[PDB]
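Should a chain be cited, it is by its letter among A, B, C, D, E and F, assigned in written order, with residues numbered from 1 in that chain.
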Amino acid sequence: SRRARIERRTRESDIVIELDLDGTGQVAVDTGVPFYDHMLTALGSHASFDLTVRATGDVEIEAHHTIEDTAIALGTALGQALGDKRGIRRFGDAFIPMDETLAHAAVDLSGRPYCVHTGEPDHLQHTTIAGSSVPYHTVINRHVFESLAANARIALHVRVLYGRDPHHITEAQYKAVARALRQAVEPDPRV
Amino acid sequence: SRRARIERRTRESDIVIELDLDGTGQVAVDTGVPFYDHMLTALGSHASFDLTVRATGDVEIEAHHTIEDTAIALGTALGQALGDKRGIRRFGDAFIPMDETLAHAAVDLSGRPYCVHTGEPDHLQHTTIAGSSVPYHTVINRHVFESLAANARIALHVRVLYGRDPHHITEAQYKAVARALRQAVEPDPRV
Amino acid sequence: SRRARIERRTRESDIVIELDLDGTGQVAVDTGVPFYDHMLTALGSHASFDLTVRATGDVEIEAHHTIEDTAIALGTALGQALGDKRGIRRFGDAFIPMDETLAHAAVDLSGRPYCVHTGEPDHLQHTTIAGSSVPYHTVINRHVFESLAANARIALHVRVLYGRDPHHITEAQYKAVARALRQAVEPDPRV
Amino acid sequence: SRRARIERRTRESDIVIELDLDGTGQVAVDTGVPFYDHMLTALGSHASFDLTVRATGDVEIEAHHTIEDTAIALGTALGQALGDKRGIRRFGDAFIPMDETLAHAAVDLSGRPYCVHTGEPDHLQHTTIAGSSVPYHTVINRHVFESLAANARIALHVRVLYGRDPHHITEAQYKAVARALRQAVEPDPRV
Amino acid sequence: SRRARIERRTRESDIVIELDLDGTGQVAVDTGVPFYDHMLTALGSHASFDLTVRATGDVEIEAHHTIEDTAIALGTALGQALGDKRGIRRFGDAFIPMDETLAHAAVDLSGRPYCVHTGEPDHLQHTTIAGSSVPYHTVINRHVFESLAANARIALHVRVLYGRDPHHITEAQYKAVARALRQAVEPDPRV
Amino acid sequence: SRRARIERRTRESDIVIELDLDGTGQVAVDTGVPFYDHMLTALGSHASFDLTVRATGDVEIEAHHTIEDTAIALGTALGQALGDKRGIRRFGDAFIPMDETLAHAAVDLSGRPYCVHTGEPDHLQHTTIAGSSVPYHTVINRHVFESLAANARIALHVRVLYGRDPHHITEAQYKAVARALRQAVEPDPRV
């Protein structure tokens, strides 16, 4: 049984995460930031987690505090659900083509936080993905992955090999992180 | 049962493909272009497909029309054999060292055609691999992969990380595409 | 049963290797070069081999002859334990993040020796990792992998994508080679 | 008596080599690739070997598999004929001018395979030498020398100092390798 | 009879050399610097000298004084054993491949000291080869060859054509100097 | 018996050459150009030829016509003395250190004239070596070697690897050509 429920309340946001590592992709995400909900839904589904996230935060300022606090809490939930990590594969990686984009992630569930994020085109440091609700600044992608690795206490390396569309580039990275985790958390039949 | 038989007749060529995704490498290829037969035999075997290809075409002009038409028909056969794609891994990738060459392919069985082919040394845009029969112009490698992805309706990304011999460089790419497909078409035990 | 015992005596060193490909990481290494013992222990464990190495050699000169002779003998033991290679996956690869470092290895158990080692920062050609016993010159990493591939008769491609600490850079490569071998030697359920 | 007979049958080719190191240049070569026959005849004659090679292979694809398999088998025959290498010169080198070309080879019969091939003009990576039979792609020169060194288990270093004509450049290298071997295999009157 | 015994005592070191040019490789070297003993043992053996060297010196400072004084004394012993040089080949050269390294030396026994040492990679000016005893700084290679040429009163040209491992690069040069001397000191059957 | 006597009379010069390939260095040269006499005396001695050259020519103009005509006649004498070339080594090369200079020559007694002369420092295209008699312009070195190769009908490749003094640079090349010829003309005990 590899489950964790994390509640995180700050002046800026209120988060509840329920996570099961051995899920089948039963995912419900609601953070008030719909493009981030979309990315975390991709992450939960492609990782084959069961995952509920409910977050409310100060989106009148912008999405950053809610996005970061949610990734902190999700990271904590992952590190708590992994427990002593006995018997698992520990290493995982995945390539994700998404039309013109190719992204990759590799993970070591080592207990030492580390994140290296490389290759994202420079226009992503000032791109906004905007719809009819609160927008998502793609500069935050790096912060999401760093907050995840820091609080799960894992090494997470995320690379964009190439790509052009900012939604494809973002979504392929969240998917790659998701499939890398899925491989690394699985029981290893030889250990 | 994941099988397709495709017949494609044009003014330029006559093709029959019989494909089974759940094969054991039972492969017979005859296109009149023996180096291409060799590459498609590698592709069928390393993908663990059962695959028969019989093609006749206008090789007095050169191999291009037969090669492209065969890849179009093979692509169509793959997309037809995959059917609704329920329950499969969907993503697959593979590295293939071949002496000095290292190639890689990643696939997303997404239903949207896309191909990105990168890294092949520039001398491959005018190299000929010639024996005692119809020769094979390595410039056509890109067209084969694009025609495969376009007609199977999948994302296919093929990279040459490095290499020198044009037969190794070509053959390592066909093998990589083959092993990437093999992983992506397999049933996924968690979906 | 995929086991080999190799004894190799030269003027410079005396080596005994006992290797089992189908092990569970039962590893004991003693070469007189403690950082190399550490790397070969990583290699045996991450490959899920059972592996005993006992080497004594001319470390008053420096570690090179003992290190190389041991890798030659270990390579021979691998190629002997693999036997006719019937029914195995044959290809294997692995990414290994280790804090700031990311390394990768890909293997083809082809029967033709080949090694390509790329990306290691230039300071590793004159770095020493020194403790209270015989030191380890990281310039030797390349020679270890080449001697392994040459005597097992396999293609081994080892890459450092990036990194800074010489112990992380070294150890991530030995781990990557180890996990790539583990994948490639495994029985392939479809062949 | 320093003789070896090697038979090598693969799906791609059937090879028989009979080699005598202490010959007088009695050489008969028939591989189905007449420019390669010419180069191996040069090699056998300039090395003062007696050498018979008979190879048949899949030249409808192109010459590569027959060429490589023959060099593998010839390498094995050399390493077998050298036996324990007692009493020989061990090191050998030779310069070969051939009109505008100057090539060189150096050998160490060390028991550790190694090949370094440098200086060949870049146009040789896509040059074809074509007559009325199966052609020879000069990109294969490097692969021939590497396969020879790998299977004889010797260090072979081949350099083109300069040159322009691809037949002179190729033939001067095979001659240089041949004369370097001839010197290195000879009995050394002081050991 | 071409023999010399040289004793050289300084405040820093005490050296005894016994040299025979017409030897069979009977070599015993003990200087307190085991990697240097290894190189001088290579030099004596590959030159087909009989050579005893016994040196003790101030290795608490470092190896330099013992290494240089020994090469001075060995040079003097060579120049004394050559005597009037009547009837010898006088010129000698040798290429030495050592895995990835290729080194070369040429000699003229002219009676005028000269040394030109070129091609050694720049990292060798600050590389240490260290084991469990006194280490060897590869910056000293040049000084060894210069001291040898200066005291034997010969022209000695040592080149590294290419290479990477500092032990291979060093050892291939000492071997090349050794085989070049062996050729040059031999009786010339036509003079 | 490998001897030739050549007389060559032109409006510009009168030459007599007597050459024996199987000599012991009995050399007498008198051309009216004393530095050229010195170089041809080096050439005859280091080649172990017996060689008499007596030339008189229009040195009031400068040395060029006498120097070139003598090299033409000497070349003709070499090609005539070699006869059918049966049973000889055919290939020869030699390195010649001369203080700071290192030169090299390689020869193929092929019956096709060819000369490639490379590496000589650019100041040699306008250097004069002057004493109390007729001077020698070092620009002529290339013409001497080309005239030798053209009239003996051999491939001659002469290289200066490095050097500074024009007399050392010149003399080391003539010596290298001489020792390369000496090796190439010798009977080959295996053919």
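Heads up, the rule we're going with is that a contact is a pair of C-beta atoms (placed from the backbone, for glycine too) under 8 Å apart; a residue touches a chain by one contact, two chains touch by 3 or more.
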item: Neighbouring chains common to subunit E and subunit F, by label; value: D
item: Higher-contact pair (C-beta pairs counted), C-D versus B-D; value: B-D
item: Repeat of the D-F interface, chosen from D-E, C-D or B-D (over half of contact pairs identical by residue number); value: D-E
item: Distance between chain centroids, defined by C-alpha means - subunit A, subunit C (Å); value: 34
item: Inter-chain centre distance, subunit A versus subunit F - centres from mean C-alpha coordinates, in Å; value: 78
item: Between subunit E and subunit A, distance of the C-alpha-averaged centres to the nearest whole Å; value: 63
item: Multi-chain contact sites of subunit D, meaning residues that touch two or more partners; value: 112
item: All chain pairs that touch each other; value: A-B, A-C, B-C, B-D, C-D, C-E, D-E, D-F, E-F
item: Residues on subunit D engaged by subunit E in the complex (per definition of touch); value: 91, 93, 106-108, 110, 112, 114, 116, 118, 155-157, 159, 190-191
item: Complex contacts: residues of subunit F adjacent to subunit E; value: 24-25, 48, 94-100, 102, 161-162, 179
item: Residue ranges of subunit E in contact with subunit C within the complex; value: 34-35, 37-38, 99, 123, 126-133, 135, 164-167
item: List of subunit C residues in touch with subunit D within their complex; value: 72, 112-113, 147, 150
item: Complex contact set, residues of subunit D against subunit B; value: 58-64, 125-126, 128, 130, 133-135, 137, 139-140, 142-143, 146
